[PDB]
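Only one chain is included here, represented as structure tokens and corresponding to the form deposited in one PDB entry.
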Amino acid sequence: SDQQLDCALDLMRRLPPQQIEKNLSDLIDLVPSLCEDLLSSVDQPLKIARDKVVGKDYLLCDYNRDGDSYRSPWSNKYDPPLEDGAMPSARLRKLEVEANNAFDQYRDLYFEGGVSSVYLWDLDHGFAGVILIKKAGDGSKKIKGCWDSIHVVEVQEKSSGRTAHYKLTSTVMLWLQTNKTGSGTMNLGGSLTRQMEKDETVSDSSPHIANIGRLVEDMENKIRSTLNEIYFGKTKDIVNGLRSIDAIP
């Protein structure tokens, strides 16, 4: 059933990524024993909830889910309200709020809009975080686009504490669609994932959020490039090898 999980994950590399939500819930119905793991391994399009209390938006993912509730990085409350959901230590909550600000500036500089959310949670020897970002297009040219970032980072502090080890697993979902007399309906969707593993110095001048940010930055810069190569280059070249306007020599 480590074997089952694999098959499950293999299947999800293959079913139209556009229907991940319905496919995942169907998949868990098929193999319930994989519920907890399927929910933390299968990426879904990010959703947005309003945080009434502060009237700000935030992003949803298994990592801020408990019961059927999601926690706001603003007010730190669960919604719907939940009796004793997982919470960061007050220490961690403090850093988390600081990672939220830090990455709101990141979001701004690189996306010039969109939403961001950062959720941290405690680990035995360090912590983990997930940095989430969503940016939609304008609908200029009747083409819809949405960009989804999911950066899940593990941080291993060593007793020295002069350094830490960082495991970043990064996903971006890119979603484009259009209906033109052309052409007709066209939906180009999916996601790329990549891992990094680095040791960085943790100091007052080089803090965790700086280290993590720099990783998340190298990574998106990379993936942005590959998304551009894959979507509008590779899948394009494939379409044009199925059929040719010009008669074949």
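Residue positions are given as counts along the sequence shown, with the first one as 1. So that the term is clear: the rigid core is the largest set of C-alpha atoms that superpose within 1.5 Å between two forms.
Look at the mean CA B-factor for 26-34 and for 177-185 in the entry; the higher one is 177-185. Averaged over CA atoms, B-factors in the entry run higher in 74-82 than in the other of 74-82 and 112-120.
For the set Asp43, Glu220, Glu197, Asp66, the PDB entry puts the maximum C-alpha B factor at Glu197. Note on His151, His125, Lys135, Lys94: the highest value goes to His125, judged by CA B factor as recorded. Among the modelled residues of its chain, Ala164 has a C-alpha B-factor that falls in the highest third according to the deposited record.
Sorting the modelled residues of the chain by their CA temperature factor places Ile143 in the highest third. In this PDB entry, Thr193 carries a Cα temperature factor that places it within the middle third of its chain's modelled residues. Looking at the C-alpha B-factors along this chain, the one for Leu215 belongs to the middle third. In the PDB entry, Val239 places in the highest third of its chain by CA B-factor.
Beyond the structure shown, there is the form deposited in another entry, which is absent from this document and is the topic of what follows.
Aligning the rigid core between this form and the one not shown and inspecting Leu46, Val202, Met219, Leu34, the C-alpha positions shift by 2 Å or more at one residue, which is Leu34. With a cut-off of 2 Å and the rigid core superposed, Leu188 has a Cα displacement that reaches or exceeds the cut-off between this form and the one not shown. Superposed on the core, the two forms barely differ at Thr171: its CA moves less than 2 Å between this form and the one not shown.
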